[PDB]
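Below is one structure; the comments refer to it alone.
Sequence lines set the chain letters: A, B, ... in the order given, protein chains first and strands last, and positions in each chain run from 1. All heavy atoms count here, side chains included; hydrogens, waters and symmetry mates do not.
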Amino acid sequence: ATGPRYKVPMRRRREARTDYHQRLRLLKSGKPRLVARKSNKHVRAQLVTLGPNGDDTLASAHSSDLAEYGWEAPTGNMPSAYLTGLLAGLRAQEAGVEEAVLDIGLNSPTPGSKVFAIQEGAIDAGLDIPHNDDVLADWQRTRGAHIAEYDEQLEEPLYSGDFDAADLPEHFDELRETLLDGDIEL
Amino acid sequence: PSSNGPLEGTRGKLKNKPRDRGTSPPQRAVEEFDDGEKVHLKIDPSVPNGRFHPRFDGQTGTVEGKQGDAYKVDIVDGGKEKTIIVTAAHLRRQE
Amino acid sequence: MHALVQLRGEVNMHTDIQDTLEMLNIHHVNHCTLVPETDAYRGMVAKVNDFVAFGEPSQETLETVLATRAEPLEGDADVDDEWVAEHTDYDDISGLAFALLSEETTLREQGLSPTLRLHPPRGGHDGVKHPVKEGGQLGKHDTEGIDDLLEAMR
Amino acid sequence: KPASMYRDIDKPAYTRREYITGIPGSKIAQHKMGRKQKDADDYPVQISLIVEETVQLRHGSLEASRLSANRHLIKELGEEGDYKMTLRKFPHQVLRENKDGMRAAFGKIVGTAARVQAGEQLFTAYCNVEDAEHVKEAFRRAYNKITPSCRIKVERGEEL
Amino acid sequence: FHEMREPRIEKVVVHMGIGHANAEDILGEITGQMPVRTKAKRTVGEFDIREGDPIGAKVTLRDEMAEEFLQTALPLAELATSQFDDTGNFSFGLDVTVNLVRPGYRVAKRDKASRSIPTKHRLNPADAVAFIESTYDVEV
RNA sequence: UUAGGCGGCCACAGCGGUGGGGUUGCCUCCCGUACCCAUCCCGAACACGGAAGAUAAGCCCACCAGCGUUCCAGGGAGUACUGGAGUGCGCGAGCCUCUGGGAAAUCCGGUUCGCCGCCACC
RNA sequence: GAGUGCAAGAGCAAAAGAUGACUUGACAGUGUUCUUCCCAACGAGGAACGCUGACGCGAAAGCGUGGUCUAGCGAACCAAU
RNA sequence: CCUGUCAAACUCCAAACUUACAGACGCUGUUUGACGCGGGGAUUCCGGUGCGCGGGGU
Ligand SMILES: [Cl-]
Ligand SMILES: [Cl-]
Ligand SMILES: [Mg+2]
Ligand SMILES: [Mg+2]
Ligand SMILES: [Mg+2]
Ligand SMILES: [Mg+2]
Ligand SMILES: [Mg+2]
Ligand SMILES: [Mg+2]
Ligand SMILES: [Mg+2]
Ligand SMILES: [Mg+2]
Ligand code: NA
Ligand code: NA
Ligand code: NA
Ligand code: NA
Ligand code: NA
Ligand SMILES: [Sr+2]
Ligand SMILES: [Sr+2]
Ligand SMILES: [Sr+2]
Ligand SMILES: [Sr+2]
Ligand SMILES: [Sr+2]
Ligand SMILES: [Sr+2]
Ligand SMILES: [Sr+2]
């Protein structure tokens, strides 16, 4: 920018979307990456592999296409995250993918976070992924219990639209139960 | 030379042009080569580890297996055969 | 196709330059050879440019020299039309000369020594200390120029 | 010391003051003479002294020639005549002398010189058509004090 | 268009640059929340050689804690034109700084895909004076 | 790709500027702290929960060349320098001819306001 | 352009720098290769890269075979351990 | 802004040229066995000059 000698960062570094130092350490495993990403409203999980002209996504799952199996709840929470991971995980198994390493991008490794929920989901789908159980939220929270008990302090329905008043972690069970099922159109 | 260390007279060859300064892209540090492949040897100023002796910059050897993540590349120094341990970060496929 | 004639001896000439002449089958002063005009050969003659005389000869001249100085790969045997006819893919010297000039074959392929051992230039040459443009005999010549030399070294 | 000792360019450029100490000061008093508040474009005539051979000119010679030239312009045009002259080269090359025989001979620092390539302008003066023959005379005296033969060339000027 | 352009108070930083403390207590009571020690850099002749070591304290107020503070803080100073920043900030006073900005400032404070706020969307001295002045007090 | 995710090359992509775009869609800003988690002080950030509002930021789309950069034509320049050769010139430092290569500054007119790969998606 | 212990040159910015916390991989064993000594034989020393064992930290990939890289080093006999 | 100059231990630029590997042509080798491997025997470790490029020194 200033002159001939000026040094402009790599594009994805300017955009502040790719931590290249973390990326290298990640790519060293030689395994595919389980890309866990978040949006204010959605959660995405991708199984990316290295390629000659750029990465290759062999399977993915977006919280949006979660409804395609019977999801009538919001898509920016724990139950949403876990399920999206499981879906992507299952699709991954179908593609022949057997193992991966969790890539959480610029998100923080906070215990019980959603990226770890995504990870737990993928692991349950049958994917072998280096993890640490006690960094994963305890079952109930993944189910969405923390949200139900929150709506208990009602007086005003947590959810605007009507999915339900006291919400349902039971819906979480139905959807998971539905995915672990062999049939299911992936 | 006034000294005989490994970096004597390596001012130019081990220095980046200002614009190529800074951490290098990971893609080439992870590249995979097969036994028999011809590879050009050139140290990347920005990459500290996995280097070979500077005297060998410019060689084009033959990958003949690996040691850990580094590669074992065969070359001919003048008339003598030598095996060089080097990581992909400092290698490029020929052609 | 160019005609190469070494006009300057080996003493004191760079070794890589001497080795080049040897790869072009010339090992003595006044020895001539016929070389195709390729990028590979072009570099070689350019490197020897200062110890040789070269250029494209005329059909007739090549014929005179072939008759007078061509030789079998082995032996004394004169290389006349009959010889050419009973040993080569051609009917006479002219057919051979033409094919060489048109670069379709080489003296070797036809069982001939790659070298034409010429005689010193009758009347002397223009000197080996200057190129053609300066009045000397070194370097690239005119077709008429090469012809004069080759004919003189008949 | 004779100039024969330093006039040729037979040594590496030696100018890095970060590695050389005790360099004698320059004897050149001025590089811009005459009316330095005026421009060169404000004059019809521009004459330069051109060096015909590549050489090194010690600061002692520059000053002597610059002096004998500007000193003439002063005498003929006045301490404020309407003219301006410039010595465009600066003595960057540091000079040594080995003043123990050839043992540890690297010389001690003794001076500075300017490297001038043949065909370059050492001096360039600007004057009016009237004082054209005076500047030519100043240069004649100037080239009698520097090693090489020179050409007095009239650049901007055709009133002949 | 206006709703997402009208100024706001991101933070009010109250701090006392002492030089060696017992002052934390007052800031805590006048602000309503815990104070923070302040270390220093570079050694100084004024018996200030100890690099890392208490020298001051500050408190960053956000939301109500800030307004409820300014309501009784602003009335203590005589805001002037020069006393304003170029980004649209002003510091008066024990120091009391007020950081003002528009709605989408987070864009430059978040971790992912952060970005610097365009000049057009940056607050101005004038735009600031107005906003503030437009709330219990006078300018210059 | 009517706004997304992961990238490769790593300024042709930078700097700066103009215009346009979003009812249950996307990204955001945004709203909000019971929880997982968090601030040597602040739900600012990080983390979690969520849609009342908005397209003003970001982002995506279209475009401008003033600065920086890439490449191209002409000029500078076959100049500077240079591998091979010379009973060519010069008192000499050095130069010239033949042969094979061949710049840089700079001027001028164009180019460049990214290109490409994988996945997902009215 | 700072900083990174010390020459000089080089490397480094969501770090190789700064702060904070934790920790002792400045670990034992044994190699490959380069260097020392271009080419081309030659010791001590050095470095890079492995494996086996045991560990530290991290969610994990991973990092740690001392200090970002090139100086900071010593045979046999004998003694002590 | 304008205007005057430089660098062995400066570089936004940048040759000629030297150099690793590969293919092609040339030359060479398969009875003259190359390339390479193992073994016996040395001599040698005062050099000099021209040219090109140097560094020191009048
Ligand atoms: Cl994300
Ligand atoms: Cl090595
Ligand atoms: Mg050098
Ligand atoms: Mg014969
Ligand atoms: Mg006679
Ligand atoms: Mg004669
Ligand atoms: Mg707009
Ligand atoms: Mg002479
Ligand atoms: Mg003893
Ligand atoms: Mg002892
Ligand atoms: Na780099
Ligand atoms: Na002595
Ligand atoms: Na403290
Ligand atoms: Na917008
Ligand atoms: Na050793
Ligand atoms: Sr000399
Ligand atoms: Sr003279
Ligand atoms: Sr908030
Ligand atoms: Sr003389
Ligand atoms: Sr050309
Ligand atoms: Sr290290
Ligand atoms: Sr060389």
Side-chain angles (χ1 to χ4, degrees), chain A residues 1-6 8 10-12 19 25-26 28-29 35 37 39-40 44 46 48 51 53-57 60 62 74 77 101-102 108-113 116 130-132 135 137 141 146-147 149-150 153 160, chain B residues 5-7 11 14-15 25 27 38 45-46 48 51-53 55 58-60 67-68 70 77-80 83-85 94, chain C residues 22-23 38 40 46 49-50 129-131 133-134 139, chain D residues 4-5 8 12-16 19 31 86 88-90 92 98 102 105-106, chain E residues 1 3-5 10-11 33-37 59-62 102-104 106-107 109 115 117-118 121:
Chain A
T2 309
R5 199 163 179 155
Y6 191 84
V8 178
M10 288 184 279
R11 209 195 74 222
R12 291 222 117 204
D19 178 325
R25 276 130 41 185
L26 233 20
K28 285 186 176 177
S29 59
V35 180
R37 294 302 149 73
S39 189
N40 284 313
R44 164 142 36 191
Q46 296 164 304
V48 190
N53 307 291
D55 292 320
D56 274 310
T57 300
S60 64
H62 187 290
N77 46 51
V101 181
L102 178 71
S108 297
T110 295
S113 294
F116 290 151
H131 63 281
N132 198 314
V135 76
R141 188 183 174 72
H146 63 297
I147 201 179
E149 299 186 304
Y150 183 39
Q153 302 171 58
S160 179
Chain B
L7 310 193
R11 192 223 247 293
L14 295 190
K15 177 176 64 168
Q27 187 86 325
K38 288 295 188 174
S46 307
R51 303 184 172 202
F52 45 85
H53 190 290
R55 189 172 282 160
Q59 283 292 313
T60 302
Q67 195 160 295
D77 189 0
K80 192 183 186 194
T83 294
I84 299 183
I85 301 299
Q94 173 177 49
Chain C
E22 279 170 37
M23 294 179 197
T38 304
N49 175 286
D50 306 292
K129 294 188 174 307
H130 297 290
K133 291 188 179 176
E134 295 193 75
Chain D
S4 50
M5 289 170 74
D8 302 316
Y14 188 54
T15 73
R16 307 303 299 287
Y19 311 111
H31 270 76
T86 310
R88 38 227 307 186
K89 298 301 186 187
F90 289 71
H92 294 294
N98 177 39
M102 282 307 294
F106 197 74
Chain E
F1 68 82
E3 185 178 53
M4 303 300 264
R5 282 265 304 185
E10 176 184 52
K11 65 179 178 180
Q33 79 185 195
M34 264 198 77
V36 201
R37 292 283 198 164
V59 182
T60 57
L61 294 174
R62 289 182 149 71
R102 346 204 83 138
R106 168 184 172 64
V107 173
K109 293 290 180 180
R115 208 72 45 168
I117 297 307
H121 203 67

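The shortest distance between the side-chain N/O atoms of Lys11(E) and the OP1/OP2 oxygens of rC42(F) is not below 4.0 Å. Proximity of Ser39(A) to the phosphate of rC27(F): a side-chain N or O atom is located under 4.0 Å from OP1 or OP2. Between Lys89(D) and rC6(H) there is a side-chain N or O to OP1 or OP2 distance below 4.0 Å. In this structure, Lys133(C) reaches the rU99(F) phosphate: one of its side-chain N or O atoms is under 4.0 Å from OP1 or OP2. Between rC30(F) and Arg5(E), no contact under 4.0 Å exists linking OP1 or OP2 to a side-chain N or O. For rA47(G), the OP1/OP2 oxygens have no side-chain nitrogen or oxygen of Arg51(B) closer than 4.0 Å. Side-chain nitrogen and oxygen atoms of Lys38(B) include none within less than 4.0 Å of the OP1 or OP2 phosphate oxygen of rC21(H). Note on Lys80(B): a side-chain N or O is less than 4.0 Å away from OP1 or OP2 of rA41(G). Proximity of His130(C) to the phosphate of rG88(F): a side-chain N or O atom is located under 4.0 Å from OP1 or OP2. Phosphate proximity of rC10(H) to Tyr19(D): present, with a side-chain N or O under 4.0 Å from OP1 or OP2. The side chain of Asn98(D) contributes no N or O atom lying less than 4.0 Å from OP1 or OP2 of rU58(H). For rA120(F), the OP1/OP2 oxygens have no side-chain nitrogen or oxygen of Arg44(A) closer than 4.0 Å.
Within the 4.0 angstrom heavy-atom criterion, base atoms lie near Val8(A). Within the 4.0 angstrom heavy-atom criterion, only backbone atoms of the sugar-phosphate kind lie near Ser160(A); the bases stay farther away. When heavy atoms are screened at a 4.0 angstrom cut-off, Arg25(A) is found touching base atoms of the nucleic acid. Using a 4.0 Å heavy-atom cutoff across all strands shown, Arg37(A) reaches sugar-phosphate atoms only and no base atom. When heavy atoms are screened at a 4.0 angstrom cut-off, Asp19(A) is found touching base atoms of the nucleic acid. Across all strands, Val36(E) comes closer than 4.0 Å to base atoms (heavy-atom distances). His31(D) comes within 4.0 angstrom of nothing in the nucleic acid, heavy atoms only. The residue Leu14(B) sits close only to the backbone: its heavy atoms come under 4.0 Å of sugar-phosphate atoms, none of a base. Residue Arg102(E) is classed as having no contact, given no heavy-atom separation below 4.0 Å to the nucleic acid. Among the protein residues, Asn53(A) comes within range of the nucleic acid bases, having at least one heavy atom under 4.0 Å from a base atom. Counting any heavy atom pair closer than 4.0 Å across all strands shown, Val59(E) reaches a base atom. Here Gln46(A) lies in heavy-atom contact (under 4.0 Å) with a base. Residue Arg141(A) is classed as a base contact, given a heavy-atom separation below 4.0 Å to a base. Residue contacts for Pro45(B): at a heavy-atom cut-off of 4.0 Å it reaches the sugar-phosphate backbone alone, with no base atom in range.
A donor-acceptor contact under 3.5 Å is not formed by the side chain of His53(B) with the base of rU35(G). Contact of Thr15(D) with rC6(H) (side chain to base): no donor-acceptor pair of N or O atoms is detected under 3.5 Å. Not a single donor-acceptor pair, N or O on each side, falls under 3.5 Å between the base of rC46(F) and the side chain of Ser108(A). Remark: the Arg11(A) side chain and the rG114(F) base include a donor-acceptor N/O pair separated by less than 3.5 Å. Looking at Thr60(B), its side chain comes within 3.5 Å of the base of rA20(H) through a donor and an acceptor atom.
Under the Watson-Crick and G-U wobble criteria, each requiring two contacts below 3.5 Å, nucleotide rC45(H) is left unpaired. Across all strands shown, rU112(F) remains unpaired; no Watson-Crick or G-U wobble contact has both distances below 3.5 Å.
Base pair annotation for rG43(F) with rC37(F): paired, by the Watson-Crick or G-U wobble rule (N1-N3 plus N6-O4 or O6-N4, or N1-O2 plus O6-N3, under 3.5 Å). Nucleotides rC57(G) and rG62(G) meet the pairing criterion: a Watson-Crick or G-U wobble pair with both donor-acceptor distances under 3.5 Å. The bases of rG102(F) and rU70(F) do not line up as a Watson-Crick or G-U pair with both contact lengths under 3.5 Å. Judged by Watson-Crick and G-U wobble geometry, where both atom pairs must sit under 3.5 Å apart, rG19(F) and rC31(F) do not count as a base pair.
Access of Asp50(C) to the base pairs occurs via the minor groove: a side-chain heavy atom lies under 5.0 Å from a minor-groove atom, while no major-groove atom is that close.
Nucleotide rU87(F) carries a south-puckered sugar, as indicated by a negative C1'-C2'-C3'-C4' torsion.
Atom OG1 of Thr60(B) is separated from atom NZ of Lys38(B) by 8.0 Å, given to the nearest 0.5 angstrom.
Between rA47(F) and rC35(F), the two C1' atoms lie 11 Å apart (nearest whole Å). One P atom belongs to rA65(F), the other to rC113(F), and the distance between them is 11 Å to the nearest Å. Straight-line distance between the P atoms of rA80(G) and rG66(G): roughly 32 Å, to the nearest whole Å. For the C1' atoms, the distance linking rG102(F) with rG84(F) amounts to 16 Å, nearest Å. Nucleotides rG7(F) and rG101(F) have their P atoms positioned 49 Å apart, rounded to a whole Å. Rounded to whole Å, the P atom of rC6(G) lies 42 Å from the corresponding atom of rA40(G). On the P atoms, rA62(F) is 15 Å away from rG14(F), given to the nearest whole Å. Annotation: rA51(F) and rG20(F) have their P atoms spaced 33 Å apart (nearest Å).
A donor-acceptor distance shorter than 3.5 angstrom exists from the side chain of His31(D) to the backbone of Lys89(D), with no hydrogens or angles considered.
Here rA59(G) is the nucleotide among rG9(G), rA59(G), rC10(F) with the atom lying nearest to any side-chain atom of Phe116(A).
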